[PDB]
Each structure stands twice: as structure tokens, then as C-alpha cells.
Amino acid sequence: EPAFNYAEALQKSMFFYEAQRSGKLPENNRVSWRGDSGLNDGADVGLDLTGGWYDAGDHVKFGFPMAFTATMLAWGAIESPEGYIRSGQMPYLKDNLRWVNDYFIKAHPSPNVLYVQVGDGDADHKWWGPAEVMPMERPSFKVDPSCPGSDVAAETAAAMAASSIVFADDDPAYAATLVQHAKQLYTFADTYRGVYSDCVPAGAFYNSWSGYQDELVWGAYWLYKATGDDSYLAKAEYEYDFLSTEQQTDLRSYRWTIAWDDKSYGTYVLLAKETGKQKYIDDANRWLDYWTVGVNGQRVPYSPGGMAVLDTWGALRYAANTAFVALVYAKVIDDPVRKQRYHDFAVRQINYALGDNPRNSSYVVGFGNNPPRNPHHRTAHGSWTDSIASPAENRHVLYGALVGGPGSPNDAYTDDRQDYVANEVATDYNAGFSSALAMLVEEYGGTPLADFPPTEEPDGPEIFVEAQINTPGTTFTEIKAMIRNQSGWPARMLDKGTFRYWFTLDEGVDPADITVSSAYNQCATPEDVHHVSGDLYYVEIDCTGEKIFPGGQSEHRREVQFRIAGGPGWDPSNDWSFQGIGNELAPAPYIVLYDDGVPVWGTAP
Ligand SMILES: [Ca+2]
Ligand SMILES: [Ca+2]
């Protein structure tokens, strides 16, 4: 039966994409530790560019890999709708695709204008904290006739074209809108030629190494499938002859694999599947042979554990991408030997990622045996001090994320959040992987978990007040209060906070004689005290205007030292807020914190 529960893995992969969402989240949000974020995206250009997915463990919205991710997910859903239907994940796949496509629509204000990036890679990567409280500015970047991007435009066109097929039967109106956008985007890409990275500051992250030739063949094919317009298939087969050859021969590239950059490999198979021409079959075969048996003595590096290691970065992502295409190809080819070779290779690579390896551990967060616990992801970590080192363990479980894994062919791996190689996570990492899982569910089955996602509970008070006696006295009480915002369910801002300290007026003390002073207060220092009833009074500290958020050592807290002097007769033992306050800084349950007038911590008299 299933060696691993492929349905559960796919179920968790869909949750991962939901955790990567940007913009205003829906009522039905399943990720309780995620809230609204990136709400002012596009503001700098007068457009609403909210929505879409955060690329990896950061908060930049990189259009090139985001679009590729969409095309791959749609492809898997087209190949194996049954896998998604049986795992009960089809509605989640559609919800994820609609989320990203709704953004592509927003990002395409007019036929030849495509916004391909929101956020600056360097400014974004300098800060380590939750998406909900990002403090930096997020610029919008685009490509147009003046500075084109055939690669990213053609990819987005393919993503929308491929997605339309998925929605065709459900929402024919939406499917039509997607196809219309895809057509315009492809014309733009075909007419105004250029590499997008020459126009937007994405070179250091997602540089178009292969160029755009591969995206022109890839986009044309998908448009053919979405429209049925023969001209597109003609266009694909024409552009195909200009694909990159390798080193010294006329053999088309067969030593790498399909990913966000080079789609050559996918077209080999897609066209072979579509036309049946020996031309495509020869290329597809050479490539898949290099990954399995080798061609001319050369073969992709293999670990003793049986993992295909193509490169240091996203090793598992690469193996997973190849595994998916191998499964698609294995169905079209007639040769029984090649069919078995490719199919078995695919299953072996996915199984390795799910736990069938020398470490006996899953490489999918929150899944299987001994999974990674500390993926390199800002929001999942939940740091409130702008530090990748604290807290030690991630505060949230990023269910479903496939990590980079072993970067070398030695099966070695250490679950370290600071290791951006082994523990990196990203939308494209789960694309081919998910599609492969859909195929495997259809073939081997598996059952999804009835109660998923689990509801996480906070690791402590999120927003609270700590206090301690600063200086002992008899005619006064001097408190050292600390307001803390270490929220993570979800991380939130506290910019309208005030707190009250209640006390009981004592015999012989005139309230007109009570003074509240401070030698250090990050908030306001009040002149009066407030009378409730009888001899119950309170001092109110006003911190409104102060942005207290989990985004740094100074940002997450406000220190407030305050002395309430009442003169002889002052007696704190009958003061409500005084209960439990000692000489060590600790949570003060009787000091109440208000967020715009609404109690958030402590209990009042
Ligand atoms: Ca390319
Ligand atoms: Ca008193």
C-alpha cells in the first residue's frame, strides 16, 4: 500500500501555500498565526497590489518564481485531478490558484504593463520578524515596452493560461478572464523582447540565467491548451528550434532540470506528449536518462542513500521537479523499460524526501518521522527581537514545507534555521513536489487527516505588563513597569496602549497631595490620579502613539518607571495593583493594559 501517506503530505503542502499569503486574509483563514500584512502594497504607484505569495522565508513578492509556481501547480492538477479529488484537496488547490491569479490580474493594469516585484530584496532581508508588522517601505517594480521582460511576462501568461483550464468547468467566466490576460501578456512578451532582470532589481535573487527563449515555447504551449488555437502550437514548435544547445554539440540541454528559470525540459516532454514527434522524444529521453542511467558515461550525482543531487541549492526541489515530469512522461512513452525506469526513479526521489533515506527522517516540515522543526522562515519563527537566533525553536509549525535538504551527495543534514541552504523553504520548492504527490495519490492512494490543521495555542501571554519595585519606600511606591508585545498568533501592532494601576486611598492621605513622577519613562507621565468610587483611585500611563511591536529589541517594549508619592500615611498593602509585585521583573496580573480602551491584559478591581 502507500509506503508513505501521499494524501496527508499533499494536504499539508496546500496549507503551506496558504501560510505564504500576503494581503488581507479571508474569514475562512486556516492559518491562525497569520494575519493581514502588506496592506499598503502598490501604494507607491497608486495601485492595489495587495495579495499574492511571499516567495520564501522572506516577504518579497518575486513575480518570476511566483508565476512558475502557479504554472507547475496547475499542471499537476491537469495531469491528476483524481489525485487532488481523492486526497480531498481539490478545493484547496483551487483556492490557492485563485489567490495567486487574483494578484496577477491586479498586477496587470493594462495589456503591456506587468508589476513583477513588490518589496526590495536588501531592505527586506535586513529585518528578521513576522510579516504582519513589517516596518520598512515596500517599492513596486514593473516591466513595460520601455523596459520589457519576455521571460516573466510569458511565464505569467502560462500561469494564467494553465490555471484557466483548472477553472474552466467551475467558473467559466473567471477562466475566460484569465485566458484574455494570458493572451495580452504573451503578445507583450513576444513583441517587446528582453530579460526582466535587466529592468528590475531581482538579479541577486532570481536572475534570468537561461533567458527568455524557453518561456516563449512554454507560454505558447500553455496558451494552445487553454485556447485550442492551433497558431499557438505552431508558435511553440517554431520557437523550439532556438532552445539552448549544450557546450560543443547540437544536443539541446539535458544536464540540468526544470525550475523557475529554465523550462526547456518541460517543453521536451509536453511537446512529445502532444505531437508524438521523435524530435521531442529524443530530447526528453536524453535528459531523463542523464538523471537515471546516464548518457555517454555522465550521470547526475547520486548520494549513497539514493538521492539525486543536482546542486547545493534546493537539491530536493530539483529532484522533486524531475520526479514530477518523469511521472508525466512515463505515461506517454511506449518503451516498457523506459516507462519503468522513469516511473521508479520518480517514486524513489519523492519517497526519499518523505523519509526513505539513511536518516529515516522526513524533509517535509510537520510530516512523517523526525521532520525539520526550524525552517528558515521569518513568520514561522516568530522572533520579537529582530534575531534569527531567538527564540531557539520556531514558534509555529509551517506544515507542508519541503526544505532544501542535503546539498551534497552524502545524505548529511542538520536542522538549523541559520543554514539557508539545508533549511531554506520557498513557493517553488513545493510546486513540482505537490504535483508529484497528486500523481502518487491517484496511483497509490492514502487518506488525509480528518482534523487538520491543529489549532496552536500561544507559548505564553502575547501582550502583557511586567513590573517590580524600583526603589523601596514608605511614603511612596516606585514601580518599574515594562510593556511587552511578543505576539505571534498572529503578530500584531500595539500603538494605542495605556495601562492603569489602582490603589486604595489611605487614612490621612489627601488625594490632592498625591504626585506621580518619573526619572525615566518612555510614555507620558501623568499629573493627576483618577477617582473611581469610595477610596479606589487609579493612575493611568498613556503610551498611545508608541509603536510597540515584535520587531526588535527596542520595538517590542516600553519601559515606564513611575513613583506615586502620597506622603506619611501611604500604605501599599491595600492597593489592588500592588498585589504580587516583588523585586524581580515578572508579569503583573493586576495592572491592566488597554488597546484603544479595550482590556488586553490583567484583571481590574
Ligand atoms: Ca528562462
Ligand atoms: Ca493604599
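Read the numbers this way: they start at 1 and go in the same order the structure lists the ligands and their atoms. We're numbering straight along the sequence, starting at 1.
- Looking at residues two or more places apart in sequence or on another chain, you find a ring pair (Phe, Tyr, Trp, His ring centres under 6.0 Å) between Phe562 and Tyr501.
- Between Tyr192 and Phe188, the ring-plane angle classifies as tilted under the 30° and 60° cut-offs.
- Around the CD atom of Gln278, the shell of radius 6.0 Å holds more than 12 heavy atoms that belong to other residues, nucleotides or ligands.
- The closest side-chain donor-acceptor pair between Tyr329 and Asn285 falls under 3.5 angstrom.
- In this structure, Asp506 contributes its side chain and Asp571 its backbone to a donor-acceptor pair below 3.5 Å.
- Around the Ca ion (ligand 2), the protein N, O or S atoms found under 3.0 Å comprise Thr504 O, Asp506 OD1, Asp506 OD2, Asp571 O, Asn574 OD1, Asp575 OD1.
- Excluding waters, the protein N/O/S atoms found under 3.0 Å from the Ca ion (ligand 1) are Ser210 OG, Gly211 O, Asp214 OD1, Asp214 OD2, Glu215 OE1, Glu215 OE2, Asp261 O.
- Remark: the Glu237 side chain and the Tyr280 side chain contain an N/O donor-acceptor pair separated by less than 3.5 Å.
- Legend: disulfide bond (SG atoms under 2.5 Å apart) pairs involving residues 181-259, not counting sequence neighbours, sorted by first then second residue: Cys147-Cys199.
- Each of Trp218, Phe68, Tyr221 was scored for a ring-ring contact (aromatic ring centres under 6.0 Å, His included) with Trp75, with one residue passing: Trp218.
- In this structure, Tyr537 and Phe503 have parallel ring planes: the angle between them is below the 30° cut-off, well short of the 60° mark.
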